[PDB]
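Sequence lines, in order, name chains A and B. In terms of our numbering, the first sequence opens at residue 1 and continues consecutively. In terms of our numbering, the second sequence opens at residue 211 and continues consecutively.
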Amino acid sequence: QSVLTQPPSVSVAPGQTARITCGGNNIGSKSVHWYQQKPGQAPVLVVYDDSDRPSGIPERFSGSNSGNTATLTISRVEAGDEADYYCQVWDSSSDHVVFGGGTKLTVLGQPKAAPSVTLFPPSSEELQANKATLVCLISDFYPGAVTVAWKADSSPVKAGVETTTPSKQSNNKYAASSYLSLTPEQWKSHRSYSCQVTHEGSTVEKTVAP
Amino acid sequence: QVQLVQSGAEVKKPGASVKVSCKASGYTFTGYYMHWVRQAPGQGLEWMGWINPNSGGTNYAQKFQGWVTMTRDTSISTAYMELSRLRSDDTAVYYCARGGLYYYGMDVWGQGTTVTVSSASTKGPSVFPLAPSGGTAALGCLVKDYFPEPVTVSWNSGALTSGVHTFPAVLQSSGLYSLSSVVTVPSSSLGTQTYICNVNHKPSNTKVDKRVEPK
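Here it is as structure tokens:
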């Protein structure tokens, strides 16, 4: 009675036309709205009342609604159209607002970028303070999946490793960071430690020594 | 311009309550229904409920009815949402949105309020300079073991903005956060130019400046 279904993901070549559906019982007689949400920003209304665009939304965004399916259609897709898209209705027979589960839109064809790795050793100040942190900074990579592995003298370390999940940068590539923690004796006891970053089958390593 | 400005990020212990605010400007605050929608990390938009700013009447999605309370102050064009008996799962970003006088969607959204539910205590950061190891160099700052989010990092009191990359913080196992800021600078500048990362952690009333010098 009150469920809106969307394909969970849609992917499309640049310059092509994308289509995202919103299924619902008699949705064609209801009034459907669409929202675009890019990572870390607030949702933006891109289409309302089935097919009107708010001012500032280009015509590539159009909408439709008939029978049990509403459709958001994005013409001439750009990489900047990558986002989550939600459809929405007011259900008159309950006075609830209902969102669809959301569609991931992927624009295929962006090129691969290997990450840049920067690695800092503990400073003398941390050491005098019982901290010692190894800091691995990973930036400018695409796509956004990566594995980070720490080594101490060619031996794997898993204890004391804290790693972020990747996030989009402003340049639309990704970043992530890994911190290793160790005692000053642990730091002073090895020849080296290593931050080893693998991305799309390739591994980039940086190493630091006391 | 029409605008919705929400209160700052809050942190609360499980079982406690939080009250979030939504300040509207640039239109007649009492003409449109106000909605609240939640987005837990990595989740979709979830409609919570609406309030009539003019009359005060409320209507709630089944999931949110009862432990969510919507109110408003006409005075400062501010809407309020309260969550009671908080649970760890309630950690999310909360949005208020304008919609409905006759509903044309939610055309205006606040910037979102982060509510974190946790038992950790407010803790100011220890700040450490990351000295640099050619054409360019990467010098940085380590903001370690703090709670809660967020912290602010600027370089040279704002004079340095180009080449500044401040990474999203990591939530360690300890319960505490850590984040690094790195700035790319020319290698000829070291020994000649002063580099200072300004760190501010409002929740613990901590302001710290650190000179980052070559090794």
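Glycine residues also receive a C-beta, built at the ideal position from the N, C-alpha and C atoms.
In the DSSP assignment, find the beta strand (DSSP E) that holds residue i and state where it starts and stops.
{"i": "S155 of chain A", "result": "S155 to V157"}
{"i": "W277 of chain B", "result": "Element bounds for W277 of chain B: n/a, residue is neither H nor E."}
{"i": "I57 of chain A", "result": "Note, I57 of chain A: premise wrong, no beta strand (DSSP E); not H, not E."}
{"i": "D419 of chain B", "result": "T416 to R421"}
{"i": "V228 of chain B", "result": "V228 to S235"}
{"i": "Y35 of chain A", "result": "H33 to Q37"}
{"i": "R248 of chain B", "result": "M244 to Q249"}
{"i": "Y193 of chain A", "result": "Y193 to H199"}
{"i": "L214 of chain B", "result": "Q213 to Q216"}
{"i": "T238 of chain B", "result": "Note, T238 of chain B: premise wrong, no beta strand (DSSP E); not H, not E."}
{"i": "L386 of chain B", "result": "Run containing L386 of chain B: none; DSSP gives neither H nor E here."}
{"i": "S9 of chain A", "result": "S9 to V12"}
{"i": "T165 of chain A", "result": "Careful: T165 of chain A lies outside any beta strand (DSSP E) and carries neither H nor E."}
{"i": "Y312 of chain B", "result": "Run containing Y312 of chain B: none; DSSP gives neither H nor E here."}
{"i": "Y174 of chain A", "result": "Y174 to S181"}
{"i": "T376 of chain B", "result": "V374 to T376"}
Pick out whichever of the options has its Cα sitting closest to the Cα of residue i.
{"i": "residue 216 of chain A", "options": "A:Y193, A:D140, A:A145 and A:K173", "result": "No information on residue 216 of chain A is available, as it lies outside the stretch 1 to 210 that chain A covers here."}
{"i": "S367 of chain B", "options": "B:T323, B:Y243 and B:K417", "result": "B:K417"}
{"i": "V318 of chain B", "options": "A:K30, A:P43, A:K206 and A:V107", "result": "A:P43"}
{"i": "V117 of chain A", "options": "A:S9, A:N130, A:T203 and A:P8", "result": "A:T203"}
{"i": "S372 of chain B", "options": "B:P378, B:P396 and B:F338", "result": "B:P396"}
{"i": "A234 of chain B", "options": "B:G225, B:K333 and B:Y290", "result": "B:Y290"}
{"i": "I74 of chain A", "options": "A:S66, A:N68 and A:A83", "result": "A:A83"}
{"i": "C306 of chain B", "options": "B:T238, B:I261 and B:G344", "result": "B:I261"}
{"i": "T326 of chain B", "options": "B:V215, B:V221 and B:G320", "result": "B:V221"}
{"i": "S336 of chain B", "options": "B:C407, B:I286, B:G218 and B:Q216", "result": "B:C407"}
{"i": "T362 of chain B", "options": "B:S399, B:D419 and B:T324", "result": "B:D419"}
{"i": "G225 of chain B", "options": "B:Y243, B:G385, B:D300 and B:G320", "result": "B:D300"}
{"i": "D283 of chain B", "options": "B:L214, B:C232 and B:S399", "result": "B:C232"}
{"i": "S265 of chain B", "options": "B:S399, B:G344, B:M244 and B:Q213", "result": "B:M244"}
{"i": "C351 of chain B", "options": "A:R60, A:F120, A:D52 and A:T207", "result": "A:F120"}
{"i": "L400 of chain B", "options": "B:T346, B:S414 and B:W365", "result": "B:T346"}
{"i": "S51 of chain A", "options": "A:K30, A:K38 and A:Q37", "result": "A:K30"}
{"i": "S93 of chain A", "options": "A:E205, A:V197, A:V208 and A:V3", "result": "A:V3"}
{"i": "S287 of chain B", "options": "B:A302, B:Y237 and B:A369", "result": "B:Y237"}
{"i": "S328 of chain B", "options": "B:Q213, B:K223 and B:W257", "result": "B:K223"}
{"i": "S285 of chain B", "options": "B:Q216, B:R421 and B:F239", "result": "B:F239"}
Less than 8 Å between the beta carbons of residue i and residue j, yes or no?
{"i": "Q1 of chain A", "j": "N25 of chain A", "result": "yes"}
{"i": "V278 of chain B", "j": "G259 of chain B", "result": "yes"}
{"i": "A341 of chain B", "j": "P424 of chain B", "result": "yes"}
{"i": "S383 of chain B", "j": "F357 of chain B", "result": "no"}
{"i": "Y48 of chain A", "j": "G241 of chain B", "result": "no"}
{"i": "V77 of chain A", "j": "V107 of chain A", "result": "yes"}
{"i": "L386 of chain B", "j": "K333 of chain B", "result": "yes"}
{"i": "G28 of chain A", "j": "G67 of chain A", "result": "yes"}
{"i": "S123 of chain A", "j": "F377 of chain B", "result": "no"}
{"i": "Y179 of chain A", "j": "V146 of chain A", "result": "no"}
{"i": "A176 of chain A", "j": "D140 of chain A", "result": "no"}
{"i": "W187 of chain A", "j": "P210 of chain A", "result": "yes"}
{"i": "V89 of chain A", "j": "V32 of chain A", "result": "yes"}
{"i": "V374 of chain B", "j": "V393 of chain B", "result": "yes"}
{"i": "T103 of chain A", "j": "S9 of chain A", "result": "yes"}
{"i": "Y86 of chain A", "j": "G100 of chain A", "result": "yes"}
{"i": "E126 of chain A", "j": "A132 of chain A", "result": "yes"}
{"i": "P14 of chain A", "j": "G109 of chain A", "result": "yes"}
{"i": "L214 of chain B", "j": "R295 of chain B", "result": "no"}
{"i": "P115 of chain A", "j": "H199 of chain A", "result": "yes"}
Report the three-state DSSP secondary structure of residue i (helix, strand or coil).
{"i": "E292 of chain B", "result": "strand"}
{"i": "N410 of chain B", "result": "strand"}
{"i": "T284 of chain B", "result": "helix"}
{"i": "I27 of chain A", "result": "helix"}
{"i": "residue 439 of chain B", "result": "For chain B, the structure presents residues 211 to 425; residue 439 of chain B sits outside this window and is missing."}
{"i": "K223 of chain B", "result": "coil"}
{"i": "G67 of chain A", "result": "coil"}
{"i": "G350 of chain B", "result": "strand"}
{"i": "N269 of chain B", "result": "strand"}
{"i": "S367 of chain B", "result": "helix"}
{"i": "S298 of chain B", "result": "helix"}
{"i": "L4 of chain A", "result": "coil"}
{"i": "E205 of chain A", "result": "strand"}
{"i": "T21 of chain A", "result": "strand"}
{"i": "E256 of chain B", "result": "strand"}
{"i": "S343 of chain B", "result": "coil"}
{"i": "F357 of chain B", "result": "strand"}
Give the range of the alpha helix (DSSP H) segment to which residue i is assigned.
{"i": "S124 of chain A", "result": "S124 to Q128"}
{"i": "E185 of chain A", "result": "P184 to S189"}
Is residue i close to chain E, meaning its C-beta is less than 8 Å from at least one C-beta of that chain?
{"i": "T106 of chain A", "result": "The chain inventory of the structure shown lacks chain E, comprising the protein chains A and B."}
Minimum length 4: unbroken alpha helix (DSSP H) runs contained in the segment 71-154 of chain A
124-128, all fully within the segment 71-154 of chain A.
List in chain order: all unbroken alpha helix (DSSP H) runs of 4+ residues lying wholly within the segment 314-338 of chain B.
Qualifying alpha helix (DSSP H) stretches: none in this window.
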